[PDB]
Ligand SMILES: CCCCCCCCCCCCCCCCCC(=O)OC[C@H](COP(=O)([O-])OCC[N+](C)(C)C)OC(=O)CCCCCCCCCCCCCCCCC
Ligand SMILES: CCCCCCCCCCCCCCCCCC(=O)OC[C@H](COP(=O)(O)OCCN)OC(=O)CCCCCCCCCCCCCCCCC
Ligand SMILES: CCCCCCCCCCCCCCCCCC(=O)OC[C@H](COP(=O)(O)OCCN)OC(=O)CCCCCCCCCCCCCCCCC
Ligand SMILES: CCCCCCCCCCCCCCCCCC(=O)OC[C@H](COP(=O)(O)OCCN)OC(=O)CCCCCCCCCCCCCCCCC
Ligand SMILES: CCCCCCCCCCCCCCCCCC(=O)OC[C@H](COP(=O)(O)OCCN)OC(=O)CCCCCCCCCCCCCCCCC
């Protein structure tokens, strides 16, 4: 198929493995999540513009709005974690092991 | 008095006058003494590319009228 | 929380589940999961302690990852089909990604690793919502995509969910983690029969929701979050020990109870399709679930653990808790096996 | 004032659109002859190139139907120069 | 309804102007005589091509030419 | 649990964005409108199991309309053979594939 | 030939920014019963040249930075955005005649707060970062009313095209149907550029602007000239947007002189507002946005949605 | 080179995702995602999605990454091996993919992909006096009634949800 | 079942509430030091609010009223012009009335 | 392509002026100068999230000048006034539960 679709899929998998392998921060996890969303936006837009399928032109707007509201919810969770512990480190969020 | 600010306002006004007058004269120079063809929609680009093909000299702004038909 | 805000947020959770159930467009499916997650996050943070914030953060991360994989599966479906109908998928890669995403939304193993922690970190009513109501939307999407679901993938997820939900609860003394590992095992049981007969999937889902709602309603009525606090029920409310006895003997699949009905109908439909080894391994693995159920019954009803002196003050006070549908949910989770051919209404 | 002027602007838009509509049959005829010219030239150059390849069907449809399929950008501007390619494939997008 | 309105126009005139402008925006197209003409102008704007019809023999209301009398006219748009 | 509330109440919530052959704004046709219409009118009413085998040709034409993989593979073969004949010197490009012919309309 | 057009755009931008400093000091001089510069050049005309040569050889300030690369990129991004906000401006013809020039300018001005945020990250002060956060919150606050006022005005335009906005105002200035949007727009563009009475970084009501404080900052001249490019640009955009002039297609210089005179009067109006009022407290302009402008902006947004439908005055798309 | 402009922008997009996905810091992670959003927006702009590209700039980079940097300025304190090693690993993998698909004109990692430029797959038609993408986005109001209902309800619930969970009581 | 690995696991609290496990102090100065210029303030800020404001003075303490002790009355008069240096003849008049 | 040339020229002029302003004051060799977590505010984060949520509501409002051109004007006017009303109700709930406090 289209050569640019390979790169946008590989970008989604790169941001996936970034999100699927944490280093320290929850903010970097949310950045990898929104990079995944960015690659989803670009790939959906390239398909819908390529197809000349008219009514799905409003679909990437809905994706962007819903997932940025999702991102605001994630930043509020990060803010409550940082208000609890002082950092946004993922190793401070291990009380639920026992 | 208050008119002592008018040289600086005049220099600033000439500096604002240069870009628009410059792009108007460049659009008239680059397009056969006329305005630049505004192609916001694909029909306007379709007609513009048709003009580029029918002029023969690979220029959209070379207009062929009734002298071109028999 | 403001009760007006609580009512609107619970209506928004229900509305997201309804939008997943009734819509014919993949973007509306994704919208419904986004609405469901976005509304259920304050239900988890109702008490505002660090464990609820940790549980809500882990739940957000897992459901967000699942939602993005779901949208990627939808996007590959739009590649290879040019359309949006919620039906079978037109690519096995999109089928694998959507099966992984719905397994993450269910908390099936190996994506089960959030369910005991997130269930432990949140209150019992929100844990009830997470372990009963949130199972309805991804099982509906799995119900509509089953012509495209890979057999080996969903059966691997099912047997791994049954085995891990069996060996998980054997070490646990927290009641919410026991209910979470029971959730993992029962979601394995539900998806194991999905490609064979999804009416038995709906039967297992309904009977499991009734039994889980019974157990969480008993835990809310007794205000017990540990095994050892559930043990002090005999000196306070002795009927509740009988109810947790019959409900935990139900959830272990013992006849003549109604929790025998789902796994018996699942073995009944999988051996129609010439699978003998797989439901036998499933049935032998369910003995671990029944083992920690029997551990709970021994600690609560069949013995009497020693109590403290302050229970004498609570003898003088009755329960003012609105135990909504607890007798109805107790009767329907124990004495429904004579009505086993009622499953045809789900066809 | 904006009521009078936007009603006049809508009348002027309908005048421009009906000029477009009156010109569309001629442009459709020229575009039909354009794409058939380019496909016939691509077919002739395929006939003079794809001889050494064994089992090649010149002008073979990649579709199983015999319905006319709208030509793709590579199906028209594929064997041509890259300047013509760019002017047909990013001309309107890059235009000013 | 009279003393409260004067009190809130004294205290918070910004919000009174806001709810007044918003309320007129809501209820005024239902009382406007020109709302029909917006619909009529938007459906009379020819973005596409008026694809002709095969004259089977009996279509008296469809013209044979743009300048024919029968057909949807725009005298109301020129005149108003 | 596909509770088909839209067909029960008769309301249309999301059937319009569902396919490319639906009623588009200003009657804009999609690039695979005919192929998707043929595949849908083939596969309608006969179910998925009969639609995977009895509507395979319309589905293949519609997939090859969407992705254009056979077309790009054919153009790869033609361009590769053309570049090989340029490399072997046994071929010269025509004046209408060089930019020296003043195009049709 | 097109590069000549790009240079005749972007070099007179820098010259107009240089002499806006002189016009500011002179007009604030005479409005304060004094004079501005008149010694350095004839009538002070060599003041900006002298001041730019002074600032370009003055020592890098005292300290070092937290992030070096963002300390480099914040003036680069500020100057790049301040020069690329001009390219769709129709005067009477834009440089890049794009179909969505309004939305392009709103998007590139939404990108402008990263220079503030990266200059806050770059300085080693934990207090200058707080001041940068306050300025970022101020700017993204007033971007809301920028977007909604701009949308409400373009409901009478028909498109996002800036060149169509000259065609729209051929019968009347668009300040006459939309003067409340115009006055809230003018104050909101005044609050975008951190301009008085809303300049809290360059004034008091600030935790870090405090006499023997830390925070290595960049070359002040580059942020200063990006800021004045933004000021002149937003005044030309307001002139195009509300006070759009007469355009003869055969004589473009009439429209060019006309929008130039209106843009000069509107930039002098910025200079005349900053020399007339005390500064807001930070919560007072947060109040001014969220409890004064945004209710009226939403009310007028509903009004300018429903008004072309009830007047049958819907503008055309093309 | 100019015919492959969308491919070059896509390679810069993948390089940017490798840049921040290796996660040097949330600050430089945000910077890398900003540059990635810009080049992916350029990818979208070069097919004719002008409104959707300006939605990237205005909404994604203009609001959301501004809020991510705003929150990162309130989380971390200002002043490796795994980051740089994973960066050069992803760069080697991506340039090996580029070299393979440029020397072979067909590659199969998960799906088959063409080696020519993506200019071939466009349409040879015109839309008239409108952008089709603009009209399909304008149809959010007339056709997309239920979509606007659920999106506005989700945003109002999002406001209520953020005010509930950040209150701390 | 405790192991060698899961030996450090204490059981969770009863109400699932853990113990939570400050305010800004600012040294202040006037922005442009032309009007006051010699003011020092130690703040205790609480975000926006001010909890404690401690002015530190003596930065223009010159020991005027010890220098007066070694000078005559006519010599002590010009020290009063320099106390409130926008109120010169008022302080002159006050010292004049005292003498 | 004209846009990319213009952006490249603007970025090059910006980088050139930054290179001047970082290397030109190093020509005059000066002396070697030898002598020698932030408090989190909930209100700053809340005004940032309030911006982000209302900016998403603006992102819904942005196709209105094109949506006025439709033929389903009753539906379009209803959904337009409904989106601006939901933005107003979002602002009202942000008001009355003391969300807009001390950054009002
Ligand atoms: C574009 C060209 C220029 C445009 C004009 C701008 C040039 C003039 C600039 C003057 C200097 C301003 C310097 C900055 C000042 C900042 C402070 C300020 O003004 O705050 C704004 C003040 C703020 O209010 P306030 O602070 O004065 O009041 C106190 C408010 N409370 C009680 C909440 C504390 O006012 C506004 O917000 C008004 C904004 C514009 C109002 C538009 C009115 C439209 C009315 C239509 C009719 C309504 C009647 C009812 C409906 C009838 C329907 C038929
Ligand atoms: C769009 C338009 C933009 C315009 C931008 C610029 C605006 C201002 C234009 C210039 C205004 C007038 C400048 C006059 C400066 C003073 C000249 C002068 O008298 O300098 C005297 C000085 C010493 O001379 P000395 O020989 O000692 O004299 C004693 C004789 N008994 O001798 C000297 O200092 C040496 C000579 C210096 C001459 C400097 C002239 C001004 C240079 C400004 C730079 C930009 C100029 C414009 C460029 C574009 C247009 C050409
Ligand atoms: C194909 C299937 C389609 C779908 C079919 C139906 C599926 C049903 C799924 C049931 C999910 C139940 C989720 C929990 C109940 C919902 C309402 C709720 O949130 O109730 C909790 C509420 C909160 O009160 P609060 O004050 O917060 O309590 C904590 C102490 N202060 O109040 C309390 O905490 C009070 C304590 C008792 C609450 C008991 C609630 C039981 C609800 C479930 C009933 C059984 C399901 C219906 C019958 C079977 C249907 C299949
Ligand atoms: C119906 C059409 C659609 C209507 C919805 C669309 C509205 C568009 C404008 C958006 C406004 C968004 C924010 C609205 C918040 C309203 C609530 C409010 O602000 O209440 C608090 C306020 C007192 O404020 P306080 O608590 O003291 O705070 C310090 C400020 N000084 O309390 C007050 O100031 C009292 C405010 C209520 C009384 C106002 C009465 C106005 C009547 C105008 C004439 C009739 C117009 C017809 C429609 C009426 C609708 C109510
Ligand atoms: C820290 C990093 C560095 C920071 C400093 C530098 C970056 C920030 C400042 C520059 C921002 C660059 C923005 C580039 C795109 C702008 C949007 C755009 O292209 O809009 C114009 C136009 C859309 O309008 P329309 O008229 O519909 O299209 C033509 C149809 N006849 O569309 C067109 O005309 C399309 C023209 C072709 C496509 C142009 C694509 C440019 C290349 C990709 C982006 C490069 C910049 C990457 C970084 C961005 C910011 C992070």
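Bear in mind that the values in this text are calculations on the coordinates, not laboratory data. Every residue, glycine among them, receives a Cβ derived from its backbone with ideal geometry; neighbour counts consider all protein chains shown.
Table for the structure above
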read-out	value
Inter-chain Cβ neighbour average for residues G:42-51, partner chain, 10 Å	2
Scaled radius of gyration (Cα, divided by 2.2 N^0.38 Å) that the stretch A:1-86 gives	1.29
Helix G:252-274 axis, angle to chain G major axis (alpha carbon atoms, nearest 10°)	50
Degrees between helix C:151-168 axis and first principal axis of chain C (Cα, 0 to 90, nearest 10)	20
P(r), alpha carbons of the stretch H:2-166 - 5 Å bins starting at zero, rounded %	1, 7, 10, 13, 15, 15, 14, 11, 8, 4, 1, 0
Span from the the stretch B:1-50 Cα centroid across to the the stretch A:55-80 one, whole angstrom	41
Per-residue average of Cβ from other chains inside 10 Å of F:2-9	4
Average other protein chain Cβ within 10 Å of Cβ, residues D:12-21	5
Chain G: angle of helix G:220-242 to the longest principal axis, Cα-based, in degrees nearest 10	10
C-alpha center-to-center spacing [the stretch D:64-90, the stretch F:1-79] in angstrom	23
Computed Kirkwood radius, in angstrom, where 1/r is averaged over Cα pairs of chain G	20.9
Two-site FRET efficiency, residue B:28 against residue F:91, from Cβ-Cβ distance with R₀ of 51 Å, rounded to 0.05	0.65
Shape call, the protein assembly as shown: gyration tensor on alpha carbons, a/c limit 1.5	oblate
Mean separation of Cα contacts under 8 Å (6+ apart) over length of chain F, as relative contact order %	15
Whole-number percent relative contact order across chain C, with pairs defined as alpha carbons under 8 Å at least 6 apart	15
Residue I:56 versus residue G:248: modelled label distance in nm, points set 7 Å from Cα along the beta carbon direction	7.0
Packing-based order for B:56-62, G:150-156, using average beta carbon neighbours within 10 Å, highest first	G:150-156, B:56-62
Peptides ranked, highest mean first, by Cβ atoms within 10 Å: ranges G:118-131, C:220-233, D:56-69	G:118-131, C:220-233, D:56-69
Using a Förster distance of 35 Å, the FRET efficiency for residue J:95-residue E:30 (Cβ separation, nearest 0.05)	0.75
Cβ-derived FRET efficiency at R0 45 Å, residue D:39 paired with residue H:79, nearest 0.05	0.10
Extended-chain gain in nm, criterion 0.36 nm per residue less alpha-carbon gap, residue C:2 and residue C:229	78.7 nm
Packing rank of A:19-30, C:268-279, where each peptide gets the mean count of other beta carbons within 10 Å, highest leading	A:19-30, C:268-279
Centre separation in Å (Cα based) which lies between the stretch G:260-309 and the stretch G:203-235	22
